[PDB]
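*Asks:* Chains as they are written, first to last, in the deposited numbering: chain AX, 1 to 143; chain AN, 2 to 151; chain AW, 2 to 130. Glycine is no exception: its CB is placed at the ideal position from the N, C-alpha and C atoms.
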RNA sequence: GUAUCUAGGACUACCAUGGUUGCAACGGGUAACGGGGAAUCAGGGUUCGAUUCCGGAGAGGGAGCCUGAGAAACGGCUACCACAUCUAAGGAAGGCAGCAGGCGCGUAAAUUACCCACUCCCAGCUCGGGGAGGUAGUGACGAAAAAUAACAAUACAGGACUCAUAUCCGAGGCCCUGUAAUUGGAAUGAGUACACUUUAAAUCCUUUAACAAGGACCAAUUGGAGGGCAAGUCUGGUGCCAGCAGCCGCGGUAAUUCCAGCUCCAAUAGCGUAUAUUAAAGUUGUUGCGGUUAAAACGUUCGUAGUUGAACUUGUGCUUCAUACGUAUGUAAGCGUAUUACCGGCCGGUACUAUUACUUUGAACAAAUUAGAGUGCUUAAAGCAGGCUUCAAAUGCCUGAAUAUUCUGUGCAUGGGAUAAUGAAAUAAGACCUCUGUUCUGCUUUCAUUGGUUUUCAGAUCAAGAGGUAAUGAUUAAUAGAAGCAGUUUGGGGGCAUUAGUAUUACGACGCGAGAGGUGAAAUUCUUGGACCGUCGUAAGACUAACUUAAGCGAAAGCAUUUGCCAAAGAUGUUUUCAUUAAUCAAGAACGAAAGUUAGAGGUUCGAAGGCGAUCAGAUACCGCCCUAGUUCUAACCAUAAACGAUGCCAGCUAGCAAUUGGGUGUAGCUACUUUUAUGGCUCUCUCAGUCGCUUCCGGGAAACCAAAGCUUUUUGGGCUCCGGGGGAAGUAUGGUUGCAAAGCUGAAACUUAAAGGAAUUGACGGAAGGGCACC
RNA sequence: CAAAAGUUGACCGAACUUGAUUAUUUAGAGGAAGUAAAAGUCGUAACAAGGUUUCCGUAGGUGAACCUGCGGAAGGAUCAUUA
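Take a look at the structure:
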């Protein structure tokens with residue numbers, strides 16, 4: 001069924017393989033270097049950005065919730081991202097014009113769950129971490 | 002196969018097992034050889050000789066009586082036609098149907114089939130150039146083809 | 002047409018044993034097939050094979066014990082550099098104890114067991130279990 | 001020729017027209033130095049490498065140069081361009097991608113420490129210099145080893161054992177395990193800290209006094225507890241709010257998901273999370289996917305590259321010997337145009353010999369790494385130490401720091417002759433050999449020496465004749481293909497001329513009258529009397545109802561009146577020919593319904609658009625009328641359709657029956673006839689190749705189904721192409737291409753989103769279909 | 001005989017200017033898409049013959065859906081019966 005299974009067909013497999021791997025979604029991303037070109041992270045694990053605005057993101061059905069996201073502009077690219085503030089209360093911790101760490105939601109891009117267009121997480125406000133602040137183990141550096 | 006059409010239909014020559022026989026056949030290899038020369042001089046192609054002689058004689062197979070096939074016999078005595086007979090006939094048909102198309106243009110089935118008849122000539126001729134029975138870079142072109150048949 | 006003649010015959014054998022049928026007509030039987038088939042005989046996998054002299058290309062009638070689960074044919078004949086003998090036997094053979102992988106080796110068409118004794122690797126023809 | 005250390009288009013004159021390319025060149029991109037290597041694995045692979053080594057490269061970007069064995073050097077110079085510096089204003093001087101340090105960039109990375117003691121290098125050197133390197137400091141990238149307590153006993157707890165009693169139930173009580181902040185003395189230093197050891201000198205370790213244990217002390221975590229996923233249907237607060245949730249989902253007042261508490265679980269000196277990668281992922285498929293319907297056959301074929309490719313061609317054996325158990329023969333030696341021939345005593349050379357791909361065995365494979373040998377680095381990561389008679393006396397005895405593979409492939413050398421190709425020579429200047437001293441090329445010994453002449457030798461090759469030698473050079477014809485064909489024969493195959501039939505429409509004549517078309521009912525529209533209709537003819541254009549199919553042909557689109565011609569295709573048949581020609585295919589091409597388009601003819605019919613009557617909120621529609629482009633034909637486009645049998649093509653094989661198309665073998669079958677025949681058609685019988693059906697699989701599948709969608713393996717099967725790898729965006733954007741244009745091809749992504757599709761099942765529901773049942 | 005500043009002709013040629021070219025980035029009136037849509041406005045298009053079977057190619061017209069015309073297919077509502 002198909003494959004050139006002859007003794008000296010040897011080039012043809014490689015050629016055809018590259019024609020088939022053209023369609024391979026992970027290899028498209030790798031070869032075409034889409035991370036650096038289109039994705040707001042330049043394949044860079046974290047990005048520090050500046051907080052523009054706090055957004056009251058209305059959830060997709062069957063869930064009626066106001067799910068509290070934050071608009072962030074990365075220092076390297078000026079690119080606008082909406083990132084979610086995970087773990088409790090948290091917009092109260094964000095404060096407009098603070099320096100915030102933008103991390104992703106572990107989803108190979110793709111918008112969260114029932115949360116429209118929020119491909120990203122927040123892990124830190126003012127270099128402390130959100131996480132520490134909720135538990136109360138740490139207290140916010142002044143300004 | 003049937004490369005021109007989908008047609009699976011094979012009908013081919015069942016050759017009698019006995020490689021030396023027939024025993025009843027009074028006639029020498031010289032006798033059959035002589036008739037092959039005479040009929041070939043009359044302008045009979047080796048196919049036409051091979052069928053006519055079987056019925057008229059008994060020549061069961063030309064190969065069996067005299068060790069050499071018709072074409073080989075003709076060649077040794079120098080009766081061999083410049084282009085092997087199978088090409089001659091294909092080339093005759095291609096010229097004939099091309100002449101038909103000049104007369105009756107817009108036969109869409111005929112032109113399509115015109116390509117098939119040239120296509121087979123080129124391929125079959127390609128083999129003979131390998132045998133060197135055709136001088137290397139011998140080419141089928143239509144201009145010359147018309148003359149060739151006649 | 003029939004680029005590898007080998008596989009066409011050995012498929013016929015599989016299909017035949019799938020009925021349970023003790024006989025098969027094989028077409029158009031090669032030297033490689035004759036050597037494949039003699040290799041079968043030694044381990045008792047098939048009963049007697051007989052090659053009829055048509056002045057055409059040789060047909061074979063196979064007599065089958067039915068000891069054979071399945072017989073497969075390798076094309077392309079992948080170059081075995083002696084230590085891929087171990088890899089190829091593991092993959093397609095049901096057991097390490099039994100089942101012969103069949104090669105075209107320098108000294109003949111031989112099983113991998115025989116090939117190991119002679120220390121002559123090869124190109125792979127086949128698998129019989 | 002010049003240059004140079006050197007070959008060399010490195011450079012230059014002259015002179016040729018070459019060199020590279022679908023085996024992807026040239027160009028563009030690359031978080032692209034390369035390799036040794038690393039990561040992750042069942043293997044196979046995939047990914048990584050900027051960095052601890054090796055080689056090369058560069059030193060802001062570039063160029064030029066001196067010295068010197070060596071630098072086109074930058075911690076040399078000279079220049080420019082860009083940067084930076086000082087200045088008494090004339091000028092001059094510089095390269096942290098060296099070590100620290102600072103700034104900036106960023107997700108992201110340390111001390112303005114000490115030393116040549118170790119390691120070693122350079123120098124004129126025993127000695128100096130050394131941010132080469134070592135040393136400390138910083139360092140949860142990462143790896144490696146675990147301090148943080150333990151036992152009786154007391155307080156009650158469990159489980160055996162006993163006394164019991166034997167649902168119940170109490171008393172004695174044990175190796176224990178514990179829930180207790182009850183007790184009691186013990187243990188051992190992590191830490192601390194003399195001292196010693198370390199060290200160049202300090203540091204920490206390895207040592208060890210003095211010190212340190214009732215945790216509240218020597219005082220552990222980070223996520224989770226609805227499910228995935230391990231553990232609360234807990235308690236307060238909140239109540240689809242806050243917020244939670246990688247996903248599905250939770251939260252609308254028993255919240256087992258929230259926020260806490262409490263209880264607990266899972267992994268604890270680590271764990272969470274992000275990003276990249278790999279496993280899973282069979283979701284990339286070489287190994288090893290899918291394509292009827294799930295995402296998938298290009299409309300179809302020709303067809304070149306590519307790719308693939310049938311059978312036949314040193315080989316079987318016989319005998320005996322040795323050697324495992326009368327055997328067996330596998331091993332050894334014999335015998336039949338490549339194991340023939342010497343020399344030296346079967347051995348070992350020499351003379352030797354089809355090309356390859358492959359494969360075999362060798363060398364040649366950098367260390368680290370990787371695997372791992374030897375070995376108690378006190379464990380261990382691993383270090384490469386060290387162990388021994390012996391802590392005696394003592395260099396005494398000593399093993400060491402292997403072996404493999406990754407450094408692939410390749411190349412070298414060697415063996416095999418299977419597989420797949422190639423090879424003479426059938427237009428025989430064919431292969432040997434041998435005879436012409438025939439031919440041509442061609443010579444150092446010895447004729448004392450040295451030179452000239454010519455013989456032998458023909459030193460040693462070649463080429464040309466003639467003869468003898470030869471199995472003397474032509475393999476089958478794949479239930480492969482090509483081709484012709486005795487021919488038989490098929491078909492709505494194609495083109496052209498032609499022919500018939502009625503109708504639809506229109507017209508006239510005739511003829512009789514006030515209605516007619518049309519529908520759900522109607523009205524428009526047709527008629528003022530002669531529509532509409534009848535009858536008769538004729539004009540125009542179109543088209544072949546029924547017959548006509550599970551029926552044919554054609555490569556496919558498509559092809560249904562008659563007849564003629566021209567050529568084609570296919571099945572059958574062929575003891576014809578050819579003798580692997582072939583199979584399938586990027587590219588490229590041929591044909592390619594309809595609409596749409598260019599120009600005519602043609603326009604009857606139907607009839608997009610328009611305008612009309614009803615219907616209907618709307619009708620713009622279905623419906624009714626008029627009808628345009630269009631249908632048709634011709635010369636051109638277009639290249640697309642459910643171009644569908646949603647199913648690539650070629651080959652073999654795997655199941656019964658009856659149809660069905662065609663040919664053939666037998667018809668002592670019926671009928672047609674000549675005195676009966678001979679002939680023909682059909683059945684009957686038999687068989688191929690065609691298209692399918694039925695019912696079963698005797699396999700596949702998720703099923704519906706499928707005799708192919710089977711043989712698709714147990715991660716495999718003949719050969720070959722094309723296409724899919726979540727759903728949408730999107731067949732769109734963009735560019736290129738083709739097109740007159742309409743369009744068509746090639747064909748993304750951003751971003752969006754947890755489903756999406758197919759199946760069958762049962763319900764519900766129908767202005768889908770059939771039965772019943774009741775004076776709601 | 002050595003020999004400085006200067007200097008002749010050559011070859012390398014940084015650098016600069018201007019045309020051409022390529023890769024890569026990014027402003028933009030406005031136009032024209034898609035998406036999130038999640039309380040809306042207008043229709044019922046398809047899903048049962050969706051009350052006009054569905055659906056394809058292609059053109060035009062309708063507010064839109066869509067309708068219509070021409071040729072199709074069945075993924076139909078005919079796997080059919082019907083001398």
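1. Going by DSSP, which residues form a beta bridge with residue 111(AW)?
2. Helix, strand or coil: which one does DSSP assign to residue 92(AX)?
3. Would the stretch 79-99 of chain AX and the stretch 58-66 of chain AX be scored as touching if the rule is three or more Cβ pairs under 8 angstroms?
4. Quick one: what's got a C-beta closer than 8 angstroms to residue 30(AN)'s C-beta in the same chain, skipping five residues either side?
5. Since residue 76(AW) meets chain AX, which of its residues come closer than 7 angstroms, beta carbon to beta carbon?
6. According to the Cβ coordinates, are residue 54(AX) and residue 99(AX) closer than 8 angstroms?
7. Do residue 53(AW) and residue 24(AW) have their C-beta atoms within less than 8 angstroms of each other?
8. Does the Cβ of residue 119(AN) have 16 or more other Cβ atoms within 10 Å, making it buried, or fewer, making it exposed?
9. Can you give me the start and stop residues for the alpha helix (DSSP H) that residue 54(AN) sits inside?
10. Could you check where the alpha helix (DSSP H) with residue 131(AN) kicks off and where it finishes?
11. Mapping DSSP to helix, strand and coil, what is residue 84(AX)?
12. If you drop the 5 nearest sequence neighbours on each side, which residues of the same chain put their C-beta closer than 7 angstroms to that of residue 12(AX)?
13. Let me check one thing: in DSSP terms, what residues is residue 10(AX) bridge-paired to?
14. Based on the DSSP secondary-structure assignment, which residues constitute the bridge partners of residue 80(AW)?
15. With H, G and I counted as helix, E and B as strand and the rest as coil, what does DSSP make of residue 15(AN)?
16. Is the beta carbon of residue 110(AW) closer than 8 angstroms to that of residue 60(AW)?
17. What is the DSSP secondary structure of residue 47(AW), reduced to helix, strand or coil?
18. To the nearest angstrom, how far is the alpha carbon of residue 26(AN) from that of residue 59(AN)?
19. Which residue's Cα is closest to the Cα of residue 116(AX): 134(AX), 81(AX), 90(AX)?
20. To which residues of the same chain is residue 58(AW) closer than 6 angstroms at the C-beta, ignoring the five residues directly before and after it?
21. Need the endpoints of the beta strand (DSSP E) that residue 41(AN) sits in, please.
22. Could you check which residue in 39(AW), 124(AW), 122(AW), 129(AW) has the C-alpha nearest to that of residue 102(AW)?
23. Taking the straight line between their C-alpha atoms, what separation do you get for residue 137(AX) and residue 127(AX)?
24. Would you please state the rounded distance, in angstroms, between the beta carbons of residue 116(AW) and residue 104(AW)? I believe it to be under 8 angstroms.
25. Decide if residue 75(AW) is buried, meaning its Cβ has at least 16 other Cβ atoms within 10 Å, or exposed.
26. Going by Cα to Cα distance, which pick from 110(AN), 95(AN), 88(AN), 114(AN) is closest to residue 144(AN)?
27. What residues in its chain sit with their C-beta under 7 angstroms from that of residue 36(AN), if we drop five residues either side in the sequence?
28. Can we say the stretch 70-81 of chain AX touches the stretch 41-59 of chain AX, given the rule of at least three CB pairs closer than 8 angstroms?
*Replies:* Walking through what the data contain:
1. The bridge partners DSSP lists for residue 111(AW) are 104(AW).
2. When secondary structure is reduced to three states using DSSP, residue 92(AX) falls in the helix class.
3. Two segments are said to touch when three or more pairs of C-beta atoms, one from each, lie closer than 8 angstroms; by this definition the stretch 79-99 of chain AX does not touch the stretch 58-66 of chain AX.
4. Hits under 8 angstroms: 66, 67, 68.
5. Here the neighbours are 5.
6. No, these two residues do not count as a Cβ contact at 8 angstroms.
7. Note that the C-beta distance between residue 53(AW) and residue 24(AW) is not below 8 angstroms.
8. Residue 119(AN) is buried by the Cβ-count criterion.
9. Start and end: 47-57.
10. Counting along the chain, the alpha helix (DSSP H) containing residue 131(AN) begins and ends at 109-132.
11. DSSP places residue 84(AX) in strand when its eight states are reduced to three.
12. Closer than 7 angstroms at the Cβ level, and outside the excluded window around residue 12(AX), lie 4.
13. Residue pairing from DSSP leaves residue 10(AX) without any beta-bridge partner.
14. Paired residue(s): 124(AW).
15. In the structure shown, residue 15(AN) falls within a coil segment according to DSSP collapsed to helix, strand and coil.
16. No; because the gap between Cβ atoms is not below 8 angstroms, this pair is not in contact.
17. Coil.
18. Straight through space, the alpha carbons of residue 59(AN) and residue 26(AN) are spaced by roughly 7 angstroms.
19. Nearest option by C-alpha distance: 81(AX).
20. Only residues of its own chain outside the window of five on either side were considered, and among them 29 have a CB closer than 6 angstroms to the CB of residue 58(AW), listed in chain order.
21. In the DSSP assignment, residue 41(AN) falls outside any beta strand (DSSP E) and within the unbroken alpha helix (DSSP H) covering 30-42.
22. For the residues 39(AW), 124(AW), 122(AW), 129(AW), the minimum Cα distance to residue 102(AW) belongs to 129(AW).
23. For residue 137(AX) and residue 127(AX), the distance between alpha carbons rounds to 14 angstroms.
24. Beta-carbon to beta-carbon, residue 116(AW) and residue 104(AW) are separated by about 6 angstroms, close enough to satisfy the 8 angstroms threshold.
25. By the neighbour-count rule (16 or more Cβ atoms within 10 Å), residue 75(AW) is buried.
26. Among 110(AN), 95(AN), 88(AN), 114(AN), the Cα nearest to that of residue 144(AN) is on 95(AN).
27. Cβ within range, chain order: 54.
28. Yes, since at least three Cβ pairs between the stretch 70-81 of chain AX and the stretch 41-59 of chain AX fall closer than 8 angstroms, the two stretches touch.
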